[PDB]
């Protein structure tokens, strides 16, 4: 009769029959691979009801493959693997470094699909690029806690008696073709104490324009006056603010 019966049973595939058990001549039935199965590129996936109530032949067209290679931050799949989804056991794909990573020549940038349907062990075939030498800050310091490679952070500080002007930290970030420091080297600026206080009936011996950390100012009483106190005071510096060590002496008469 001008109708075929049920289509052939294909291992690991299920046909779309759409609610019927009898099919008219020239009816085309497509199969869909089952769970944990991928169709093999370049193979038929359907059958056709021919004359004599006979279905056309169809061979197993499903496998049996790894999952899409897991997403790496250091490397991206090369073409044509990056667009593929069929990876039977034995399949080897190649990677290429992302930015800002570079190849570690001693290591292979390839992954193989193993018999257990898993990709081989991952190695660091693509390593983190290095930022330039951070250099130095005059009268300050740079803190490099964990190297200067891509993704690293470094902090800046100013020695006692100096004030930091600029950025307090920097990060090695990707910059176009390479990796560069997010911020430039800041500045350590000398902290100045307020102008030293003047005293009644006394003077400052050779007063200077500016006074920095630990610099001193010496006092002297005028003729006929007696000194009572410290002959000199010095500049103390804390939390970036200058302050004299203590009060100036007194010149009492007479």
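Positions refer to the first chain, counted from 1. Heads up, when I say rigid core I mean the largest set of C-alphas that superpose within 1.5 Å between the two forms.
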*in 6 other deposited structures of this protein, rigid core aligned: more displaced of 41-49 and 62-70 by C-alpha RMS*: 41-49
*Looking at C-alpha RMS in 6 other deposited structures of this protein with the core superposed, is it 181-189 or 221-229 that drifts more?*
221-229
*Higher-B stretch (mean Cα B-factor, as the entry records it), 116-124 or 178-186*: 116-124
*Looking only at CA atoms, which has the higher mean B factor in the entry: 223-231 or 49-57?*
49-57
*Within this chain's modelled residues, let me know which third the CA B factor of residue 195 belongs to: lowest, middle or highest.*
middle
_Where does the C-alpha B-factor of residue 15 rank in its chain, lowest, middle or highest third?_
middle
*Going by what the PDB entry lists, where does residue 5 fall on CA B-factor within its chain: lowest, middle or highest third?*
middle
*Going by the recorded CA B-factors, say which third of the chain residue 99 sits in, lowest, middle or highest.*
highest
*Divide the modelled residues of the chain into thirds by Cα B-factor and specify which third, lowest, middle or highest, holds residue 110.*
middle
